[PDB]
Amino acid sequence: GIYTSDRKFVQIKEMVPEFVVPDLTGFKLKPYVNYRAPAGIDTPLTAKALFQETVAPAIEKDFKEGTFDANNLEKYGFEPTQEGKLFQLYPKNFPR
Amino acid sequence: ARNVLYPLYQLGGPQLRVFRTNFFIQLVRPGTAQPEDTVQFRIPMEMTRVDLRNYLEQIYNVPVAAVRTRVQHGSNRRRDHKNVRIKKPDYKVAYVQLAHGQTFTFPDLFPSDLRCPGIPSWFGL
Amino acid sequence: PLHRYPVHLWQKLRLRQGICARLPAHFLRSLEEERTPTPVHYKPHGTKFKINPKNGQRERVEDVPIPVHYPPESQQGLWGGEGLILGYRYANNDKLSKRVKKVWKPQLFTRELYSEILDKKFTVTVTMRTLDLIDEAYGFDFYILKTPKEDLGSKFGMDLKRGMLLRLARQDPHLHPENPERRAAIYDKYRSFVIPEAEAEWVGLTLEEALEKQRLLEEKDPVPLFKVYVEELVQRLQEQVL
Amino acid sequence: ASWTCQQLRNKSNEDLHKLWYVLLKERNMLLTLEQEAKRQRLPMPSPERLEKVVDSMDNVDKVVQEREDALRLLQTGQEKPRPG
Amino acid sequence: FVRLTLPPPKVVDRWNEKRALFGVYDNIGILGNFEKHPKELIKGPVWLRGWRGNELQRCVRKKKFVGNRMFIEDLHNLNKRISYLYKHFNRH
Amino acid sequence: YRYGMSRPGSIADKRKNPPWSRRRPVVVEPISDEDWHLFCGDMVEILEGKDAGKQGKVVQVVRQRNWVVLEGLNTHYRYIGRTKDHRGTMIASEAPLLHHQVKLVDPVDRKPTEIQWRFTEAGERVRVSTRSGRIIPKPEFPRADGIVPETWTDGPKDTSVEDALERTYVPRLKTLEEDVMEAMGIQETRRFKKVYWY
RNA sequence: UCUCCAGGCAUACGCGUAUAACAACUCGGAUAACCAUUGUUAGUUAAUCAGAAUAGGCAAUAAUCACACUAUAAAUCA
RNA sequence: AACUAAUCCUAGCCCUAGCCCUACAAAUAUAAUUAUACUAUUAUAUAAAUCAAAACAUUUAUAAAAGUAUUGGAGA
């Protein structure tokens with residue numbers, strides 16, 4: 001909130017966080033995992049991996065067809081600006 | 001969420017939403033004598049009483065009527081072997097009264113021979 | 001331990017590495033080169049030999065330049081190599097007399113000079129020697145451009161030199177506006193000082209200014225890795241098509 | 001056993017957010033039980049449960065962070081979420 | 001008071017390579033046609049290789065040899081020590 | 001801190017290494033990870049000790065002290081449960097053996113053959129005897145906790161096997177925060193005003 | 001329960017867990033009992049108690065139970 | 001053969017040699033470490049003296065030629 005004149009507290013609804021609680025009904029993931037389940041080797045996701053998985057197939061097909069141009073870079077997923085999104089990648093304007 | 005940066009708000013700015021919560025709370029049996037509906041909770045010092053109200057109402061769907069909170073000073077008198085003062089982490093105690101006439105009661109968790117001494121009994125000789 | 005390189009060589013190492021190495025070669029040459037200022041208050045010894053007092057034999061002689069203090073105000077003005085001489089004096093020019101602390105002040109003045117290249121009259125601190133040098137240089141603009149930094153002895157003069165050199169280099173229409181014919185004559189008149197635009201920019205720049213300039217030149221907005229991968233993907237695919 | 005990072009990566013973005021609260025709920029219950037044990041001066045049964053939940057929660061956070069970090073680099077090229 | 005325990009037994013080899021080869025080429029000058037002076041074989045601080053002097057001379061020579069490479073703290077300490085040494089020898 | 005047979009951080013370890021202790025540190029010759037060749041379950045022959053010449057299987061390895069423990073070998077007898085009421089019960093307790101005090105055993109021929117580390121076709125490192133070159137396969141050791149992964153049965157709050165193995169991630173041009181919004185349909189039209197980062 | 005003594009309670013300031021319960025009897029109280037000591041655990045709850053927009057226009061006449069009444073040390077943003 | 005005590009070797013250091021150097025979150029110069037506006041923001045003249053000249057005053061160091069000559073209360 002914000003303290004206005006006269007030493008009076010004025011709570012701001014926007015600045016008050018709202019807890020987004022997921023629905024756990026039908027969700028099969030639980031706090032613990034089976035010892036029967038093999039441990040997973042860590043393979044952290046990277047920009048190259050994300051680009052290869054999603055963006056590369058689109059460009060590869062388009063490039064062979066020849067329908068590739070700078071103006072359509074956004075079509076493959078480029079964002080000219082982070083404004084307009086509730087969650088902005090940079091500068092980070094959203095909380096966890 | 002604790003130990004994180006919160007977005008600065010400006011006129012016309014979005015409502016603040018916390019999709020992932022880092023606040024962790026513990027239900028504690030009241031140290032003092034309190035009404036049954038009243039419940040004591042140990043919560044991070046950065047959490048506000050309003051946050052607890054939303055936290056219980058949303059995450060745990062618990063109706064809350066009134067909340068009273070206190071900050072407990074951690075004693076720093078304790079010293080180590082080097083005579084360096086050790087400070088107990090400060091914790092916040094929240095007294096939450098249930099709504100809709102609900103009442104709470106703390107669960108009952110954690111419900112040789114004497115005649116011949118000095119000669120080992122092994123000897124048969 | 002002990003430093004392998006002396007303190008004076010530490011500066012050389014920095015100049016040879018890092019952003020200093022990335023600095024333009026022309027500017028680096030200007031910084032590296034040192035030119036002795038023209039003597040003003042001291043003259044070289046007339047004779048090259050003298051009788052050594054200790055051994056009673058003729059010996060080679062050396063020249064000791066007189067110490068002269070140039071205040072920063074000179075760097076904001078156009079002094080003709082004159083400077084404040086601080087020291088001691090013996091009254092009547094005999095060592096037998098009393099020693100009096102004396103500060104010798106050259107007569108300083110503030111006067112206005114017209115610059116053809118900039119087409120403006122500048123009022124600046126100047127000495128009589130500079131005015132004679134300006135006449136000897138065949139114009140105020142010539143004096144700034146012809147005179148080297150050390151002989152010029154003025155940061156503002158170097159600032160004028162940077163602007164004059166850049167103005168001549170670019171053939172900028174800003175010279176003598178609405179008089180294109182007059183503009184050509186000035187450029188032809190000062191054609192001797194025409195140089196590449198890049199060199200003229202760095203003339204007279206201070207070390208702190210130069211480092212910031214190179215930092216500003218080399219700072220570039222981070223490349224979105226999406227774009228980098230897109231170009232890399234297209235380049236590899238294009239090569240495969242070949 | 002606690003959730004491993006790779007398994008969490010296999011799970012969807014929505015699933016990861018759902019799982020985080022599930023782990024948090026268990027962590028709070030274990031924390032709630034532990035604090036009562038401290039008051040009662042008694043040991044906590046199966047203390048490894050809390051460690052497993054915390055390990056799973058830590059794995060969840062990095063996996064989510066990895067996806068966010070990768071996209072930020074792609075769209076903007078900045079290696080840090082905060083300008084500096 | 002004195003030890004109540006025996007020290008570890010020690011045996012020293014007098015025919016080790018270092019002792020066995022000690023002194024070799026000490027006659028390099030006379031036996032090497034004087035191309036290399038035996039002083040050239042001295043290993044030690046640069047300012048006193050093939051040179052000897054009193055404590056004051058050694059310190060002064062050290063200052064000149066590595067003054068440009070000496071630390072400011074070391075240089076300041078050496079100057080203060082030199083001043084005390086200079087007064088003592090030259091006035092007492 | 002002097003490493004002992006007691007596990008580090010245990011109550012016995014605290015007695016062995018009290019905070020005020022400043023005893024002379026014990027020097028143990030460092031052994032590289034590649035150099036080390038002894039692992040739990042390895043059949044080795046005791047070069048020297050109480051049971052020198054008796055081959056045993058390793059059960060504990062304190063690499064900090066280069067100590068190898070063989071079950072049922074170099075075993076001394078000590079009193080467990082000593083109390084005021086009862087004298088105690090004699091038990092056989094193993095003593096640490098240094099790495100040089102044991103050597104690996106060739107399976108076909110039981111001898112203390114010196115070994116050299118070399119890779120295999122699969123790429124797993126295997127110790128190879130310097131003489132009579134042969135592959136000493138890594139031994140199988142039971143899980144210390146005693147939990148057999150297959151035998152384990154899911155308890156409360158434990159996911160079923162199939163649930164963990166299910167993969168639901170679909171690569172897409174959206175962050176997790178954005179993905180959650182789509183599923184729950186969160187929409188926000190308000191925009192933060194310009195903020196000067198500095 | 002009896003005998004006798006007569007600065008007590010709140011706030012400020014300062015102090016910072018010395019608070020309370022349990023368990024100890026070694027150390028601290030210049031001796032014991034008992035703790036102010038040692039170990040562990042608990043504690044002080046506030047919409048009422050306390051702390052944390054701008055530009056113009058315009059002002060003669062103290063208080064003293066403020067009326068009378070005087071006085072001199074000259075004493076009220078809206 | 002007793003008490004009080006004593007016993008010990010590594011905790012580490014020193015000098016040369018070698019070598020220049022380029023080793024979490026959150027909060028912070030506001031009142032440092034106070035998550036957002038206040039209030040503009042800023043070092044340094046010969047180094048001196050002490051000291052030596054038995055005080056004190058000009059003065060007083062900080063490869064060979066060679067401690068030769070000059071200089072100097074011709075004295076340290």
# chains A, B, ... in the order shown; residues from 1 in each chain; ligands from 1
$ select_by_dssp --residues "chain B" --states "helix (DSSP H, G or I)" --output "ChimeraX atom specification"
/B:49-59
$ write_last_selection --atoms "N, CA and C atoms" --output "JSON list (two decimals), in the first residue's frame"
[["chain", "number", "residue", "atom", "x", "y", "z"],
["B", 49, "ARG", "N", 0.00, -9.70, 7.41],
["B", 49, "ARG", "CA", -1.19, -10.38, 7.91],
["B", 49, "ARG", "C", -2.22, -10.57, 6.80],
["B", 50, "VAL", "N", -2.33, -9.59, 5.90],
["B", 50, "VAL", "CA", -3.22, -9.75, 4.75],
["B", 50, "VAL", "C", -2.78, -10.93, 3.90],
["B", 51, "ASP", "N", -1.47, -11.11, 3.74],
["B", 51, "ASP", "CA", -0.97, -12.23, 2.95],
["B", 51, "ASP", "C", -1.41, -13.56, 3.55],
["B", 52, "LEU", "N", -1.35, -13.68, 4.88],
["B", 52, "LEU", "CA", -1.82, -14.90, 5.52],
["B", 52, "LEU", "C", -3.30, -15.11, 5.26],
["B", 53, "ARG", "N", -4.10, -14.04, 5.33],
["B", 53, "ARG", "CA", -5.53, -14.16, 5.07],
["B", 53, "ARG", "C", -5.78, -14.70, 3.67],
["B", 54, "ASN", "N", -5.12, -14.11, 2.66],
["B", 54, "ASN", "CA", -5.23, -14.63, 1.31],
["B", 54, "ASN", "C", -4.61, -16.02, 1.20],
["B", 55, "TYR", "N", -3.49, -16.24, 1.88],
["B", 55, "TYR", "CA", -2.81, -17.54, 1.80],
["B", 55, "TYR", "C", -3.73, -18.66, 2.28],
["B", 56, "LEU", "N", -4.32, -18.51, 3.46],
["B", 56, "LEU", "CA", -5.20, -19.54, 3.99],
["B", 56, "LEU", "C", -6.46, -19.68, 3.14],
["B", 57, "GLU", "N", -7.04, -18.55, 2.72],
["B", 57, "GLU", "CA", -8.29, -18.59, 1.97],
["B", 57, "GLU", "C", -8.10, -19.24, 0.61],
["B", 58, "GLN", "N", -6.95, -19.02, -0.03],
["B", 58, "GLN", "CA", -6.74, -19.50, -1.39],
["B", 58, "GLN", "C", -6.09, -20.88, -1.41],
["B", 59, "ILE", "N", -4.91, -21.01, -0.80],
["B", 59, "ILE", "CA", -4.16, -22.27, -0.90],
["B", 59, "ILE", "C", -4.88, -23.38, -0.15]]
$ residues_around --residues "residue 183 of chain F" --least-positions-apart "6" --cutoff "12 Å" --atoms "only C-alpha atoms (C1' of nucleotides)" --output "PyMOL selection string"
(chain A and resi 22-23) or (chain D and resi 12-15+17-18) or (chain F and resi 176-177)
$ select_by_dssp --residues "chain B" --states "strand (DSSP E or B)" --output "count of residues only"
30
$ interface_residues --of "chain A" --to "chain F" --cutoff "7 Å" --atoms "only C-alpha atoms" --output "list in words"
residues 28, 29, 30, 31, 32, 33, 34, 35, 36, 37, 53, 54, 77 and 86 of chain A
$ closest_residue --among "D:35, D:28, D:7, D:76" --to "chain G" --atoms "only C-alpha atoms (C1' of nucleotides)"
D:35
$ residues_around --residues "residue 81 of chain A" --least-positions-apart "6" --cutoff "12 Å" --atoms "only C-alpha atoms (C1' of nucleotides)" --output "list in words"
residues 74, 87, 88, 89, 90 and 91 of chain A; 224 of chain C; 72, 75 and 76 of chain D
$ write_last_selection --atoms "C-alpha atoms" --output "short mmCIF file (atom, residue, chain, number, x, y, z; two decimals), in the first residue's frame"
data_model
loop_
_atom_site.label_atom_id
_atom_site.label_comp_id
_atom_site.auth_asym_id
_atom_site.auth_seq_id
_atom_site.Cartn_x
_atom_site.Cartn_y
_atom_site.Cartn_z
CA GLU A 74 8.39 -12.69 -35.84
CA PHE A 87 5.45 -11.47 -18.19
CA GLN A 88 8.38 -9.63 -19.78
CA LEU A 89 11.56 -11.64 -20.27
CA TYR A 90 13.81 -8.59 -20.01
CA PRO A 91 13.65 -6.43 -17.94
CA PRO C 224 19.01 -11.68 -29.50
CA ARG D 72 14.88 -14.47 -22.69
CA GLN D 75 14.24 -12.89 -27.78
CA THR D 76 16.60 -10.34 -26.18
#
$ interface_residues --of "chain C" --to "chain A" --cutoff "9 Å" --atoms "only C-alpha atoms" --output "PyMOL selection string"
chain C and resi 224-227+229-230+233-234+237-238+241
$ interface_residues --of "chain D" --to "chain C" --cutoff "10 Å" --atoms "only C-alpha atoms" --output "compact mmCIF listing (two decimals) with C-alpha atoms, in the first residue's frame"
# COMPACT_ATOMS: atom_id res chain seq x y z
CA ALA D 70 16.47 -19.77 -22.68
CA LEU D 71 13.59 -17.76 -24.14
CA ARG D 72 14.88 -14.47 -22.69
CA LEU D 73 18.25 -15.04 -24.36
CA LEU D 74 16.56 -15.90 -27.66
CA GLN D 75 14.24 -12.89 -27.78
CA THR D 76 16.60 -10.34 -26.18
CA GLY D 77 20.08 -11.89 -25.86
CA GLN D 78 20.42 -10.70 -22.26
CA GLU D 79 22.19 -13.19 -19.99
$ residues_around --residues "segment 23-31 of chain B" --least-positions-apart "4" --cutoff "9 Å" --atoms "only C-alpha atoms (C1' of nucleotides)" --output "ChimeraX atom specification"
/B:1-2,38-44,46-47,95,105-107 /D:24-25,27-36,39 /G:42-43
